[PDB]
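Each remark here refers to the structure printed beneath this line.
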Amino acid sequence: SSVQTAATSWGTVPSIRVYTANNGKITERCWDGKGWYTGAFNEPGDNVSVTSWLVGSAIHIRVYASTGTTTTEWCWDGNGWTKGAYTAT
Amino acid sequence: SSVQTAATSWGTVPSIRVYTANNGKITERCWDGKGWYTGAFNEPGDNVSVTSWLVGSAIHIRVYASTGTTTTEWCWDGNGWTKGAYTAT
Amino acid sequence: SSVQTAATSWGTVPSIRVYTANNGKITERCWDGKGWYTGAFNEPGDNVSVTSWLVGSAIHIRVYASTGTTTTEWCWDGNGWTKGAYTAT
Ligand SMILES: *C(=O)C[C@@H]1O[C@@H](C)[C@@H](O)[C@@H](O)[C@@H]1O
Ligand SMILES: *C(=O)C[C@@H]1O[C@@H](C)[C@@H](O)[C@@H](O)[C@@H]1O
Ligand SMILES: *C(=O)C[C@@H]1O[C@@H](C)[C@@H](O)[C@@H](O)[C@@H]1O
Ligand SMILES: *C(=O)C[C@@H]1O[C@@H](C)[C@@H](O)[C@@H](O)[C@@H]1O
């Protein structure tokens with residue numbers, strides 16, 4: 001009955017994103033070399049995985065948030081957190 | 001309760017593999033730029049983790065399926081999924 | 001229930017670190033091309049995440065060990081496992 005985390009990172013500084021599902025909410029903590037700051041991501045889910053890739057200098061994050069049998073993909077591409085095409089059927 | 005996912009990406013397109021443990025079984029959803037489709041991965045498990053890595057253009061995936069204390073490793077290196085040499089002791 | 005794992009890789013060889021939470025304790029199993037051994041990492045946690053990044057040849061690993069609402073970051077920077085600056089939202 002502990003919280004459940006997921007992490008990703010990029011570059012050599014580095015930048016780190018740590019997502020934490022606690023009591024059906026997933027929050028984000030962010031490192032870009034100067035301290036941890038609470039991030040923009042806030043979405044429901046008891047379980048969370050993450051991946052990320054660079055395109056040049058631009059990070060792209062995909063956060064998979066599952067409640068029950070329902071996994072929701074949240075997409076960061078530098079313009080906010082939008083919902084992805086991800087489904088499972 | 002909730003399903004438990006694990007993701008990895010690679011490239012800049014990118015390619016994304018999203019593994020989902022649901023009711024004791026792990027399956028795989030795949031993105032390579034033109035839509036999600038169900039992958040060939042299909043092995044038992046109540047927990048999943050994943051890592052990948054490129055040797056040039058070739059992708060290499062490692063899936064750590066766990067059921068109780070037993071964590072099996074599944075290897076994709078181009079010609080299908082093979083059980084890997086991982087153990088815990 | 002079932003044990004829970006996290007994994008990261010680096011290089012072309014590659015090197016793999018598979019972390020495993022089992023009744024409170026998180027242990028590590030390491031691959032560097034010549035088989036699986038047991039790594040130095042040993043910290044308490046009911047759930048673990050991990051990420052890693054290269055800086056030239058030097059690997060850097062962050063392991064997020066959670067127990068209850070409390071998540072602890074462990075840092076590999078080629079000189080051991082030190083406690084990280086991460087705190088929660
Ligand atoms: C500023 O806070 C932006 C920031 O970093 C983004 C990549 C993403 O993690 C966002 O949620 C976060 O708040
Ligand atoms: C829309 O712009 C595509 C988008 O990003 C992909 C990498 C994939 O995550 C897809 O689910 C998402 O909608
Ligand atoms: C030698 O044992 C070092 C080894 O690999 C490190 C990168 C880190 O994973 C450490 O815990 C492990 O023991
Ligand atoms: C140095 O930056 C401190 C250190 O490394 C960061 C990337 C992050 O993991 C931080 O919590 C850790 O203390």
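We name chains A, B, ... following the order of the structure tokens; residues begin at 1 in each chain, and ligands are numbered from 1 as shown.
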For this session: Check which residues fall inside 8 Å of ligand 4 when counting only C-alpha atoms and all ligand atoms, and print them as a ChimeraX atom specification.
Result: /A:13-16,31-36 /C:62,73-75,83-86
What would the file look like if the residues just selected were written as a compact mmCIF listing (two decimals), in the first residue's frame with C-alpha atoms?
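Listed below is the output, again.txt:
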```txt
# COMPACT_ATOMS: atom_id res chain seq x y z
CA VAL A 13 22.44 17.99 -17.08
CA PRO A 14 20.06 16.04 -16.78
CA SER A 15 16.36 16.82 -16.74
CA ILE A 16 14.37 14.33 -14.67
CA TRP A 31 14.55 18.49 -12.05
CA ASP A 32 16.39 20.67 -14.57
CA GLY A 33 19.63 21.12 -12.63
CA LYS A 34 18.62 23.72 -10.02
CA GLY A 35 16.26 21.97 -7.58
CA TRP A 36 13.07 19.94 -7.69
CA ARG C 62 18.62 7.40 -9.98
CA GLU C 73 16.09 8.96 -4.45
CA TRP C 74 19.34 6.98 -4.56
CA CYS C 75 22.12 8.27 -6.82
CA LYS C 83 20.83 9.72 -1.03
CA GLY C 84 19.34 12.21 -3.50
CA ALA C 85 17.85 15.69 -3.06
CA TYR C 86 14.43 14.57 -4.37
```
For this session: Find the residues around residue 77 of chain C up to 12 Å (only C-alpha atoms counted), leave out those fewer than 6 positions away in its own chain, and share them as a list in words.
Result: residues 52, 53, 54, 55, 57, 58, 59, 60, 61, 62, 63, 83 and 84 of chain C
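Residues of protein, DNA or RNA having any atom at most 8 Å from ligand 3, counting only C-alpha atoms and all ligand atoms, are residues 17, 28, 29, 30, 38, 39, 40, 41, 59, 60, 61, 76, 78, 80 and 81 of chain C.
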Any chance you could export the current selection's N, CA and C atoms as a compact mmCIF listing (two decimals), in the first residue's frame?
```
# COMPACT_ATOMS: atom_id res chain seq x y z
N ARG C 17 20.53 -2.94 -15.53
CA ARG C 17 20.29 -2.97 -14.09
C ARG C 17 18.81 -3.25 -13.88
N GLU C 28 19.36 -5.35 -6.51
CA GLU C 28 19.79 -5.03 -7.86
C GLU C 28 20.52 -6.23 -8.46
N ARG C 29 20.29 -6.46 -9.75
CA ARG C 29 20.98 -7.49 -10.52
C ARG C 29 21.52 -6.85 -11.79
N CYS C 30 22.78 -7.12 -12.10
CA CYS C 30 23.53 -6.33 -13.06
C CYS C 30 23.99 -7.20 -14.22
N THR C 38 24.88 -9.90 -8.81
CA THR C 38 24.14 -9.11 -7.83
C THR C 38 24.90 -7.83 -7.53
N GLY C 39 24.22 -6.70 -7.68
CA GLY C 39 24.87 -5.42 -7.54
C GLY C 39 24.88 -4.93 -6.13
N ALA C 40 25.57 -3.80 -5.95
CA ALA C 40 25.72 -3.19 -4.64
C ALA C 40 24.40 -2.69 -4.08
N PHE C 41 23.47 -2.32 -4.96
CA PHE C 41 22.29 -1.60 -4.50
C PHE C 41 21.46 -2.46 -3.56
N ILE C 59 28.13 6.34 -16.35
CA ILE C 59 26.71 6.14 -16.14
C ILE C 59 26.29 6.86 -14.86
N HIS C 60 25.04 7.31 -14.84
CA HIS C 60 24.42 7.93 -13.67
C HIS C 60 23.03 7.36 -13.55
N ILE C 61 22.72 6.83 -12.37
CA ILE C 61 21.47 6.12 -12.13
C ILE C 61 20.76 6.80 -10.98
N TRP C 76 23.56 6.87 -8.18
CA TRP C 76 24.83 6.28 -8.59
C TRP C 76 25.52 7.25 -9.54
N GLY C 78 29.13 6.77 -9.97
CA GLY C 78 30.42 6.11 -9.99
C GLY C 78 31.18 6.09 -8.68
N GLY C 80 29.31 5.12 -5.47
CA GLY C 80 28.48 4.48 -4.49
C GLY C 80 27.04 4.82 -4.73
N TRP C 81 26.22 4.54 -3.73
CA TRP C 81 24.82 4.96 -3.71
C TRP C 81 24.65 5.99 -2.61
```
Problem set entry | Residue list for chain A near chain C as a VMD selection string, 7 Å, only C-alpha atoms | chain A and resid 1 to 9 12 29 36 38
For this session: Using backbone DSSP assignments, extract all strand (DSSP E or B) residues from chain B; output them as a PyMOL selection string.
Result: chain B and resi 2+4-10+15-22+25-31+36-44+47-55+58-67+70-76+81-83
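Interatomic distance, atom 8 (C, counted along the ligand's line) of ligand 1 to atom CA of residue 11 of chain A: 14.7 Å.
Of the residues under consideration (B:20, B:27, B:79, B:37), B:37 shows the shortest atom-to-atom contact distance to ligand 2 when counting only C-alpha atoms and all ligand atoms.
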